[PDB]
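Asker:
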Amino acid sequence: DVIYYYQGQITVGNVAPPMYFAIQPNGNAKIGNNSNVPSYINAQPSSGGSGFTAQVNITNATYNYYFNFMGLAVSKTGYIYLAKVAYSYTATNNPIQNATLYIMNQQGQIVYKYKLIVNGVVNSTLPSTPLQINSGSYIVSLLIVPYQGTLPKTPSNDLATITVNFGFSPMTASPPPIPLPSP
Amino acid sequence: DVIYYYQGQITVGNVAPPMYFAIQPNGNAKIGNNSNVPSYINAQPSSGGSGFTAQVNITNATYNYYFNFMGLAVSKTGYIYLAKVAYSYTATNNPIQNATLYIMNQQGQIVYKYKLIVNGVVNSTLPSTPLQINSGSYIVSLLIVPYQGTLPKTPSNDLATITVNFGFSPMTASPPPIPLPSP
Amino acid sequence: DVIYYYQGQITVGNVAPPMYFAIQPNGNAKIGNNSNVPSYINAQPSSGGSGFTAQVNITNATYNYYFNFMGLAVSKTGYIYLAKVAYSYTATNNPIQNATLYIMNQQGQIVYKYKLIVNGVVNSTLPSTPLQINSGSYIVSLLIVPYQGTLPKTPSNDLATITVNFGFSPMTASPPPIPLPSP
Amino acid sequence: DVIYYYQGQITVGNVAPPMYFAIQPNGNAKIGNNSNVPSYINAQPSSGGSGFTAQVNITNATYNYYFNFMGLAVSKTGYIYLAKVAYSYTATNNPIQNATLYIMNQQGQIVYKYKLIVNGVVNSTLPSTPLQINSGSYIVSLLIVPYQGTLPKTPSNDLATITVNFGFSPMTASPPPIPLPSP
Amino acid sequence: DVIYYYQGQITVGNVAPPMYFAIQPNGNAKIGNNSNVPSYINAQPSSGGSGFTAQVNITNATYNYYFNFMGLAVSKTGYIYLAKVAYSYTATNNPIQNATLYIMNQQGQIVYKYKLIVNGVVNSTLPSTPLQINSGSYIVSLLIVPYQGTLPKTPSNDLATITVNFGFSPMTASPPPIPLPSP
Ligand SMILES: *[C@@H]1O[C@H](CO)[C@@H](O[C@@H]2O[C@H](CO[C@H]3O[C@H](CO)[C@@H](O)[C@H](O)[C@@H]3O)[C@@H](O[C@H]3O[C@H](CO)[C@@H](O)[C@H](O)[C@@H]3O)[C@H](O[C@@H]3O[C@H](CS(=O)(=O)O)[C@@H](O[C@@H]4O[C@H](CO)[C@@H](O)[C@H](O)[C@H]4O)[C@H](O)[C@H]3O)[C@H]2NC(C)=O)[C@H](O)[C@H]1NC(C)=O
Ligand SMILES: *[C@@H]1O[C@H](CO)[C@@H](O[C@@H]2O[C@H](CO[C@H]3O[C@H](CO)[C@@H](O)[C@H](O)[C@@H]3O)[C@@H](O[C@H]3O[C@H](CO)[C@@H](O)[C@H](O)[C@@H]3O)[C@H](O[C@@H]3O[C@H](CS(=O)(=O)O)[C@@H](O[C@@H]4O[C@H](CO)[C@@H](O)[C@H](O)[C@H]4O)[C@H](O)[C@H]3O)[C@H]2NC(C)=O)[C@H](O)[C@H]1NC(C)=O
Ligand SMILES: *[C@@H]1O[C@H](CO)[C@@H](O[C@@H]2O[C@H](CO[C@H]3O[C@H](CO)[C@@H](O)[C@H](O)[C@@H]3O)[C@@H](O[C@H]3O[C@H](CO)[C@@H](O)[C@H](O)[C@@H]3O)[C@H](O[C@@H]3O[C@H](CS(=O)(=O)O)[C@@H](O[C@@H]4O[C@H](CO)[C@@H](O)[C@H](O)[C@H]4O)[C@H](O)[C@H]3O)[C@H]2NC(C)=O)[C@H](O)[C@H]1NC(C)=O
Ligand SMILES: *[C@@H]1O[C@H](CO)[C@@H](O[C@@H]2O[C@H](CO[C@H]3O[C@H](CO)[C@@H](O)[C@H](O)[C@@H]3O)[C@@H](O[C@H]3O[C@H](CO)[C@@H](O)[C@H](O)[C@@H]3O)[C@H](O[C@@H]3O[C@H](CS(=O)(=O)O)[C@@H](O[C@@H]4O[C@H](CO)[C@@H](O)[C@H](O)[C@H]4O)[C@H](O)[C@H]3O)[C@H]2NC(C)=O)[C@H](O)[C@H]1NC(C)=O
Ligand SMILES: *[C@@H]1O[C@H](CO)[C@@H](O[C@@H]2O[C@H](CO[C@H]3O[C@H](CO)[C@@H](O)[C@H](O)[C@@H]3O)[C@@H](O[C@H]3O[C@H](CO)[C@@H](O)[C@H](O)[C@@H]3O)[C@H](O[C@@H]3O[C@H](CS(=O)(=O)O)[C@@H](O[C@@H]4O[C@H](CO)[C@@H](O)[C@H](O)[C@H]4O)[C@H](O)[C@H]3O)[C@H]2NC(C)=O)[C@H](O)[C@H]1NC(C)=O
Ligand SMILES: *[C@@H]1O[C@H](CO)[C@@H](O[C@@H]2O[C@H](CO[C@H]3O[C@H](CO)[C@@H](O)[C@H](O)[C@@H]3O)[C@@H](O[C@H]3O[C@H](CO)[C@@H](O)[C@H](O)[C@@H]3O)[C@H](O[C@@H]3O[C@H](CS(=O)(=O)O)[C@@H](O[C@@H]4O[C@H](CO)[C@@H](O)[C@H](O)[C@H]4O)[C@H](O)[C@H]3O)[C@H]2NC(C)=O)[C@H](O)[C@H]1NC(C)=O
Ligand SMILES: *[C@@H]1O[C@H](CO)[C@@H](O[C@@H]2O[C@H](CO[C@H]3O[C@H](CO)[C@@H](O)[C@H](O)[C@@H]3O)[C@@H](O[C@H]3O[C@H](CO)[C@@H](O)[C@H](O)[C@@H]3O)[C@H](O[C@@H]3O[C@H](CS(=O)(=O)O)[C@@H](O[C@@H]4O[C@H](CO)[C@@H](O)[C@H](O)[C@H]4O)[C@H](O)[C@H]3O)[C@H]2NC(C)=O)[C@H](O)[C@H]1NC(C)=O
Ligand SMILES: *[C@H]1O[C@H](CO)[C@@H](O)[C@H](O)[C@@H]1O
Ligand SMILES: *[C@H]1O[C@H](CO)[C@@H](O)[C@H](O)[C@@H]1O
Ligand SMILES: *[C@H]1O[C@H](CO)[C@@H](O)[C@H](O)[C@@H]1O
Ligand SMILES: *[C@H]1O[C@H](CO)[C@@H](O)[C@H](O)[C@@H]1O
Ligand SMILES: *[C@H]1O[C@H](CO)[C@@H](O)[C@H](O)[C@@H]1O
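Residue numbers (the entry's author numbering), protein chains in the order written: chain B, 24 to 206; chain C, 24 to 206; chain D, 24 to 206; chain E, 24 to 206; chain A, 24 to 206.
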């Protein structure tokens, strides 16, 4: 048998993140200041600012809104998009009608709106178009619209889970909407 | 292209509502007992107490008053405000001059007054200041002042519609007046 | 911050009035026929029958009586009461000792007597008890007792003003005496 | 509960009286000149000419006559009637058989005769028919016929009291005989 | 002593490569166009297309993805496999959790997935099964999943190195998975 071998050599270095999740980034007391309300939300930046984790309590309210629960810091200009969403629930009936995640200016204006879940199903059109985002820092906020009547009378900690991936690229020109592979 | 992906994970739990709309909450026969007068008003709490729906018949009377048409139960202390109002009418002429919604003590004293419509237009100053409301239960009542001469001689079911959103926050300290986003 | 939003939706329809003020209601030439005596009284039903407006000239007579100045039509049985009275005067001295407003049967019998002003002050006991009134039509008449010596020698158009609100409810069972709020 | 409120607004002005009681009206030295005879009669116009008050001493005479004790001035033509009479006495026996009040022309002719009391009782047919009276001024006179034997030997100031109400209307056409209500 | 000598004679010729690494192979502007993003990746084909060299900057992002950083051209059909992987790092803590290298169709579909590093260690099952690959050209892309918290705050050029050997055989029938010897 004849085998030809081709050698790839990859050297790995380390660079400061183009964007990261944080509480009060750069000491800005207006960005990400509602990470923790002692029976209703508990959110934290994932290790090294790599993402975020949130425990979120919905109720009977027709809109449940988690304003400024995280801060998004962007160190260098680039293009951002919603790359992937995954949704699952433990209940007999689907608990969420609509879930939307907002990136917002410090003055509370919406910069970008990301529909995660629509009429009870994940956004089907993903990955979304890469849109430019400027350097600075942004309020990030979550809105949930439950399906009324489906929420149990007895409280619970594990009604549903939403996993979301944002893709960011630090390029000068817009990339295609690249979908995130399985590792 | 280089894409960096950041993962948000949101776990959703369920909590008993800080406030809810109800008829005779906790069996209190004095709160919300006028939800239904068989040709003049028909009001109901929206599913799970998430809000309310009312069909309301105005007449030629210079003030039309719907006393105790709903009950508001508040399970834990918090801050309440008028977040958003929307108003529209099907007639050629605007039917309503003033519409005001009252939260009232069990003794019929006004706790808070919410002007929904003033001189024929929605309240422009919204969202209103968050004000503290104590735990307990409250009478809620609607006053409408028509524009006389505009109401048709023949009855109708769809003269106008008023949509109102109350924001409530279960925090110890007052929030900013956060406006409700579009989903 | 966590905000829970609760949505009220009010749909407004239109219904023929349970009672209204009119001149010669249903063409009845005996009800409300003294709305206009060309130097002494000029009364009219407010727009759509929503109430009434009267210009009323008092004189030196010890009783000044305005018989049948308005007609009250009641289309459906219900409970009526005097909800609120407001009184003010432009003169140096209080011009009115007693003012009383009567609802009367077609045969001139008194059905209900409403004391608006007593010994120069508004009725303090208001709102009055809701009393049943049958469908049909009623003479309405005003009696004023001036304070003699207080009326100026020179005539005037704006000596005093009396504002009165009647509450009517089309319910089968008597309501509490609900006071009219400020809008 | 549903309450409909109807607003009456009454604005009160002031007008020179269509008729009034006076002593020597317009300076006419023939009208009302016997208001005061120093042990037998003392009569005065009530404040602003609104009526009259008289202290009247009867004696053993079979007719007691108080000629021209008041003057009646009529500024504009209208219809006059005896609206109400009330009579009471402090004695054991009824002191008066007949009491009659006359409106008289300046020449002493009777224009109208008002029987107040007949055979010891008030006129039962009241209110009387409205009759036209012309502008000008009139003598007014009282006749009393006692029941002899009933008057005490010792004089007294409070044997009996007669209260009389005249209705006047300044209309061109005759009204019905409207009875004066209780305030 | 008796020595028997056996003569091997090897004549060496030269043949166009069955596959090679390239930027935009055959002028195809869609294959290998992300070899260079000026602070995040710098990749080049090794001399004569014999392999590739890449400098790759990871950050705090939970997935770091280097899409289309090289082009793989395959001139004749054959069988390809991952022959050998070697991994080392200069840091105190292991920087990489998972590293995966993808061969992809021009439409961005995954043809083959090569797990280089899994849970911080090199793939232990190597050499992998030879799988057929058709003639044409392929996108090649690298995904790295760091261990968060391990990456230093100060940037560096030499955090880790990954050396990878792909074996290719131009035979019609699949060979055994032959491991690459040390020279
Ligand atoms: C946590 O981070 C939050 C980020 O949202 C902060 O919320 C912001 O609070 C401001 C005032 O907060 C004070 O009062 C609250 C109680 O109400 C306390 O909880 C706080 O501790 C603090 O004491 C609020 O500002 C409003 O009030 C100001 C006076 O105090 C007044 O100057 C402002 O104009 C507001 O009325 C923020 O609200 C936003 O303010 C911006 C202007 S600025 O950024 O404040 O300068 C407004 O933008 C204007 O909007 C118009 C459009 O209508 C634009 O044309 C114009 O260009 C732009 O300036 C927003 O409309 C207004 O909503 C409020 N932030 C948001 C996004 O609502 C909170 O304070 C932080 N808490 C702590 C403890 O750090
Ligand atoms: C439905 O829910 C309604 C809630 O408003 C109830 O209305 C309340 O009705 C009370 C009596 O109702 C009875 O009579 C009506 C007919 O009139 C029937 O329809 C009912 O079925 C029932 O049979 C009424 O109380 C009044 O009457 C009482 C005697 O019966 C008397 O003790 C009260 O004082 C009242 O005069 C409610 O009216 C309010 O009462 C409170 C006191 S309390 O809450 O009743 O104890 C008053 O507050 C006082 O006010 C002063 C200020 O002036 C304060 O300083 C003082 O602290 C405070 O106590 C209110 O002024 C007075 O209006 C009446 N509720 C309201 C808000 O008006 C209705 O009953 C319910 N119907 C059914 C069938 O459940
Ligand atoms: C405007 O509306 C007014 C409403 O009050 C009308 O007033 C009513 O006028 C009747 C007659 O009017 C005629 O004469 C006047 C001049 O006097 C003109 O201005 C009118 O244009 C018209 O030409 C008057 O009726 C009286 O006269 C009748 C004969 O003409 C006689 O049959 C009546 O009995 C009266 O004497 C109204 O007076 C009331 O009448 C009722 C009976 S009914 O309703 O007329 O049938 C009486 O009720 C009786 O009373 C006893 C108690 O004592 C009860 O037991 C019994 O059950 C009941 O029948 C009233 O006592 C009596 O006062 C008079 N209405 C009132 C309330 O006084 C006016 O006509 C209208 N004008 C126009 C132009 O339309
Ligand atoms: C403010 O204005 C109110 C009306 O607008 C006045 O209310 C009236 O109160 C009368 C007694 O008021 C006294 O007592 C209260 C304490 O309760 C005090 O606050 C007052 O200062 C005052 O001292 C009340 O009258 C009742 O008692 C009378 C004996 O004194 C008696 O003659 C009456 O019959 C009553 O029982 C009034 O109650 C209603 O009266 C009407 C008739 S009318 O309006 O008075 O002419 C009745 O209607 C009758 O009902 C029967 C059936 O039962 C029918 O067949 C009939 O055809 C019909 O006439 C009601 O039944 C009766 O409830 C009351 N009036 C009203 C209309 O509510 C109040 O006093 C004023 N306040 C002040 C400070 O001046
Ligand atoms: C107070 O007001 C009283 C109103 O009645 C005045 O009474 C009227 O007094 C006249 C004369 O008074 C003089 O004399 C008395 C003593 O007797 C004094 O007290 C007075 O101060 C005063 O000095 C009196 O007139 C009579 O006398 C006249 C001559 O002095 C003579 O001209 C008259 O004709 C009388 O005889 C009034 O009597 C009435 O007079 C009218 C006419 S007029 O109005 O005087 O012009 C007569 O009417 C005529 O009658 C016929 C019918 O028979 C008709 O057809 C004809 O058209 C009509 O003219 C009356 O019949 C006659 O009674 C007398 N008034 C009355 C009503 O009797 C009194 O003077 C005043 N006092 C003061 C101080 O001011
Ligand atoms: C209560 O008091 C009332 C007056 O305050 C009395 O009314 C008067 O009734 C007289 C007749 O009464 C009899 O009939 C009724 C039934 O209808 C019964 O209830 C009574 O008990 C009694 O039996 C009436 O008189 C009329 O008839 C007379 C004949 O008997 C005749 O002489 C009169 O002329 C009348 O036709 C009264 O009617 C008015 O009278 C005045 C004059 S006066 O007041 O009587 O002196 C007339 O004025 C005249 O009018 C003309 C123009 O037409 C002028 O030119 C002239 O200058 C002027 O004098 C009226 O025209 C006439 O209508 C009547 N009086 C009044 C003032 O209304 C009642 O009887 C007393 N009730 C009791 C129980 O005692
Ligand atoms: C560098 O090389 C890259 C190789 O990946 C190129 O990426 C490809 O870009 C296409 C469009 O690029 C244009 O827009 C971007 C900004 O977004 C600029 O950077 C570029 O310069 C350029 O201007 C992109 O195509 C998409 O957009 C097209 C419209 O412009 C549209 O026709 C396509 O359908 C895409 O939506 C490529 O994305 C892939 O396209 C293929 C089809 S095709 O190969 O384009 O014809 C899709 O395959 C389809 O997928 C379904 C499964 O869902 C299959 O059933 C079906 O058979 C198949 O056709 C892919 O799903 C879609 O992702 C994009 N390539 C990839 C792999 O994503 C880049 O352009 C090159 N840049 C330069 C400057 O040369
Ligand atoms: C940003 O600049 C890069 C070069 O670094 C280009 O590749 C891109 O097209 C954009 O101009
Ligand atoms: C209520 O308490 C919370 C902590 O749960 C504070 O954030 C707030 O300022 C108020 O004191
Ligand atoms: C009239 O009827 C209504 C029902 O429409 C009841 O609520 C009331 O008690 C009265 O009987
Ligand atoms: C007097 O005139 C009035 C109009 O002012 C009429 O109502 C009445 O009938 C009489 O003719
Ligand atoms: C491809 O063809 C070769 C001959 O060149 C065989 O050895 C092999 O088995 C496959 O058929």
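Just so it is clear, CB atoms sit at the ideal spot from N, CA and C, and this is done for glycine as well.
Along the chain, where does the beta strand (DSSP E) containing residue 203 of chain E start, and where does it finish?
Answerer: First-last for residue 203 of chain E: undefined, no H or E at that position.
Asker: Residue range of the beta strand (DSSP E) that residue 88 of chain C falls in?
Answerer: Looking at the DSSP string, the run of the beta strand (DSSP E) that includes residue 88 of chain C is 86 to 97.
Asker: Is it the case that the CB of residue 52 of chain E approaches a heavy atom of ligand 5 more closely than 7 Å?
Answerer: Result yes, Cβ under 7 Å from ligand 5.
Asker: Please indicate yes or no: does the CB of residue 136 of chain E lie closer than 7 Å to some heavy atom of ligand 6?
Answerer: Residue 136 of chain E Cβ: within cutoff of ligand 6.
Asker: With the cut-off set at 8 Å, would you say residue 170 of chain D and residue 117 of chain D are in Cβ contact?
Answerer: Their beta carbons are under 8 Å apart, which means residue 170 of chain D touches residue 117 of chain D by this criterion.
Asker: My guess is that residue 34 of chain E and residue 78 of chain D are in contact by the Cβ rule of under 8 Å, so how many angstroms apart are they, rounded?
Answerer: Contact holds; Cβ gap of about 5 Å.
Asker: Does any CB atom of chain C fall closer than 8 Å to the CB of residue 183 of chain A?
Answerer: No - not a single Cβ of chain C is within 8 Å of the one on residue 183 of chain A.
Asker: Take residue 145 of chain A as the anchor and find which of A/174, A/157, A/192 and A/186 has the nearest alpha-carbon.
Answerer: Closest by alpha carbon: A/186.
Asker: In the DSSP assignment, what are the bridge partners of residue 36 of chain D?
Answerer: C/80, per the DSSP bridge assignment.
Asker: Counting contacts by CB-CB distance shorter than 8 Å, is residue 91 of chain B in contact with chain D?
Answerer: Cβ-Cβ to chain D under 8 Å: yes for residue 91 of chain B.
Asker: Under a Cβ-count criterion, where at least 16 other Cβ atoms within 10 Å of its own Cβ denotes burial, should residue 192 of chain C be classed as buried or exposed?
Answerer: Its Cβ being crowded by 16 or more others within 10 Å, residue 192 of chain C is buried.
Asker: Excluding the five sequence neighbours on either side, which residues of its own chain have a C-beta within less than 7 Å of the C-beta of residue 181 of chain B, listed in chain order?
Answerer: Answer for residue 181 of chain B: 113, listed in chain order.
Asker: With a threshold of 6 Å on Cβ separation, who are the neighbours of residue 133 of chain C within its own chain once the five nearest residues in sequence on each side are excluded?
Answerer: Excluding residues within five positions, the ones whose Cβ falls inside 6 Å are 125 and 127.
Asker: Name, please, each residue of chain E whose Cβ falls closer than 8 Å to the Cβ of residue 57 of chain C.
Answerer: Here the neighbours are 24 and 25.
Asker: Which residue's Cα is closest to the Cα of residue 58 of chain C: C/184, C/81 and C/163?
Answerer: The option with the nearest alpha carbon to residue 58 of chain C is C/163.
Asker: Comparing C-alpha positions only, which one of B/153, B/60, B/151 and B/52 sits nearest to residue 195 of chain C?
Answerer: Checking every option, the nearest Cα to that of residue 195 of chain C belongs to B/60.
Asker: How is the beta strand (DSSP E) around residue 113 of chain D delimited, first residue to last?
Answerer: First-last for residue 113 of chain D: undefined, no H or E at that position.
Asker: Restricting to Cα atoms, I'd like to know which of C/136, C/157 and C/70 is closest to residue 46 of chain C.
Answerer: Residue C/70 is the option with its Cα nearest to residue 46 of chain C.
Asker: Can you tell me where the beta strand (DSSP E) holding residue 164 of chain A begins and where it ends?
Answerer: Segment 159 to 169, the beta strand (DSSP E) holding residue 164 of chain A.
Asker: From what residue to what residue does the beta strand (DSSP E) around residue 68 of chain D run?
Answerer: From DSSP, the beta strand (DSSP E) with residue 68 of chain D extends over 64 to 68.
Asker: Taking Cβ positions only, does residue 66 of chain C come closer than 8 Å to chain B?
Answerer: Output row for residue 66 of chain C: interface = no.
Asker: I need the straight-line Cα distance from residue 48 of chain A to residue 94 of chain A, nearest angstrom please.
Answerer: If I take the Cα positions, the gap works out to 7 Å.
Asker: Using 7 Å as the cut-off, classify the Cβ of residue 197 of chain D as near or not near the heavy atoms of ligand 2, replying yes or no.
Answerer: Yes, since a heavy atom of ligand 2 falls inside the 7 Å radius drawn around the Cβ of residue 197 of chain D.
Asker: Got a sec, what are the start and stop residues for the beta strand (DSSP E) residue 133 of chain A sits in?
Answerer: Its beta strand (DSSP E) spans residues 133 to 141.
Asker: Going along chain E, which residues have a C-beta under 8 Å from residue 84 of chain C?
Answerer: Within 8 Å Cβ-Cβ: 27, 28 and 29.
Asker: Give the range of the beta strand (DSSP E) segment to which residue 155 of chain B is assigned.
Answerer: 154 to 156 is the span of the beta strand (DSSP E), which, as asked, contains residue 155 of chain B.
Asker: Given that residue 60 of chain C touches chain E, what residues does it touch there, using C-beta distances under 9 Å?
Answerer: Residues of chain E passing the Cβ test: 24 and 25.
Asker: Look up residue 190 of chain A in the DSSP assignment and say whether it is helix, strand or coil.
Answerer: Looking at residue 190 of chain A - three-state DSSP - the assignment turns out to be strand.
Asker: Measuring only the C-alpha atoms, how far is residue 41 of chain B from residue 28 of chain C?
Answerer: The straight-line gap from Cα to Cα measures roughly 11 Å.
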